[PDB]
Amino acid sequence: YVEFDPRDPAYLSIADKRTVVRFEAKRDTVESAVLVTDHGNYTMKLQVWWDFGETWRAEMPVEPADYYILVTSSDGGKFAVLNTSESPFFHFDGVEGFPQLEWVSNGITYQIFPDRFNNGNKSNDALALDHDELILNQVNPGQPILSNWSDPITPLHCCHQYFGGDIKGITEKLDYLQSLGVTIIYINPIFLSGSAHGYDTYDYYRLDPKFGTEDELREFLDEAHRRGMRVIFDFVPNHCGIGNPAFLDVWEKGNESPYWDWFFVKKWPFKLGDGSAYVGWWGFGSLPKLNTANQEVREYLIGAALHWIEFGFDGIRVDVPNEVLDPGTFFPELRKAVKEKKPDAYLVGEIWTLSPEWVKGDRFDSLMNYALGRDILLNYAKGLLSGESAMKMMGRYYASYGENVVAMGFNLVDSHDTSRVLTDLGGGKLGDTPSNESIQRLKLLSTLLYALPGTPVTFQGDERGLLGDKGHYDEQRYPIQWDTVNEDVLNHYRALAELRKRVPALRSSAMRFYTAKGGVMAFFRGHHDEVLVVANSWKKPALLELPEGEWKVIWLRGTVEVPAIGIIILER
């Protein structure tokens, strides 16, 4: 049994100016393998493994080549991996189909929830209540809440309670972000919307006055650019809000409205907000579902994305892509339109699962990798998953995604829709004092992020040592208090950021597995196995034997004592 497919990025991909060839086998059934090519031969070694399977990799420069793999079995076997019979050798085109974005591999990412980050312009706080959803909603009407920066949390905290945060607030904090090394910024929705989060877009072409004018945003984009930063904006194509004029046209016109084809109206006439009268997102009358399968709707939304790419944004983030109708004709056209206007653009989709079909080269450049950071890395840092189970989950991740996809992965652990990682690690609830144990796990989880291929993503204020339970009215979205700091956690993230810049092996795409003893999780980093990352998730110090050679600690010989809830990075 051997699996191999050059058409799929998981087995053949171009990363770090090299051609990465990988095949799948059964666990503990291969002793050696050699990637034999046209005048050239390279040894293959296993890089990841899981429950029932392994993956061996080899690298070679980007060059047209014919090749086959010679696998030596465990029980003294010898097989040749060929295809067909009239053409046994494989053929690599040498061409680049799925390029790896270098500016995503080397950058640090910071996620900004604008209304809760920094209020740099108090004049626009009142501009939130006119078009707020609770005012327009004929069913379930309400009254939004305007409050100060340090006010207590209310049931409307997730949306319809506004604290002020605007675009001029992040502009004034660019000096703070590059102190953290931040090179990429992911901004939440900012278009005309009736919520605090902004996922009920009214006009995809107009900035919302809650966060600022177009000139304040132009000043934000330009000031971030000259500091060498890129900004990704949030795109919500699947559904809009009840204040969207195209939806209001359907509201009092019905079949008279030309925009009737854009929606799925069940009953007409209807009162705004009735989930039973039109299809919404999860049946919610607040978020009427857009007919993305319609050609008029598709080009309008693609036209809005190109407008804001043309405006200055360097990439797009797509809300709920798995709910967009006809994904085989929407995202291929979305990607084709955005890659023409800016071939250096970053396309990241919100898929919370390990799904390679979204990163095959025709839709997204990367997924919001919850399947890596939250799914398996957060659980490990909690002291609950062993090293064996953790690595076995990582083995599935890294064997299913092309190495070029992994090298530009949007590697986040929490966001605006989850509790803060310091709370997940047992640090407490908002208002409490974080236990020093949970900070030992927060440094462990952060160092795991900043050592893997891709870009590490940090939610706003996680570098400040904050708490927040999603179950208590979305405490993760409490505004940042800029007069309080956990200077230890702040300088911790600063030291990780420069470490990632000092050591080019952490930014590379090549990572190889070592072993895993109980709580110990060890893996190599770099193309020549220069760096070894050893971690320990349990409360007791473990004993580990090192790979061959002498190692320089950056974050020795023989066997070592990896500390409890500790993470060490070594080099040769």
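All residue numbers are counted from 1 along the displayed sequence.
Novice: With respect to the deposited sequence, is there a break between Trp555 and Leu556 in this entry, and if so is it 1 to 3, 4 to 9, or 10 or more residues, or none at all?
Specialist: Gap between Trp555 and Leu556: 4 to 9 unmodelled residues.
Novice: Quick one: higher average CA temperature factor, 254 to 262 or 283 to 291?
Specialist: The recorded data point to 254 to 262.
Novice: On mean C-alpha B-factor from the PDB entry, just flag whether 424 to 432 or 372 to 380 is the higher one.
Specialist: Higher of the two, by average CA B-factor, is 424 to 432.
Novice: Going by the entry, which of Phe90, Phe113, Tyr176, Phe233 has the most elevated CA B factor?
Specialist: In the PDB entry, the greatest C-alpha B-factor among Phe90, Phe113, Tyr176, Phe233 is found at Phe90.
Novice: If you compare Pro237, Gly273, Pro189, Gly349, which has the highest Cα B-factor in the entry?
Specialist: Among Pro237, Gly273, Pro189, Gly349, the highest C-alpha B-factor in the entry belongs to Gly273.
Novice: Can you work out whether the C-alpha temperature factor of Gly97 puts it in the lowest, middle or highest third of the chain?
Specialist: Highest third, going by the recorded CA B-factors of the chain.
Novice: Would you mind ranking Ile135 by its C-alpha B-factor against the rest of the chain and naming the third, lowest, middle or highest?
Specialist: Its C-alpha B-factor belongs to the highest third of this chain's values.
Novice: Which third of the chain holds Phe211 when residues are ordered by C-alpha B factor: lowest, middle or highest?
Specialist: CA B-factor rank for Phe211: lowest third.
Novice: Consider only the C-alpha atoms of the modelled residues in this chain, order them by B-factor as the entry records it, and name the third containing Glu437: lowest, middle or highest.
Specialist: It belongs to the highest third of the chain when residues are ordered by C-alpha B-factor.
Novice: Compared with the other modelled residues in the chain, in which third is the CA B-factor of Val182?
Specialist: For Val182, the deposited C-alpha B-factor lands in the lowest third.
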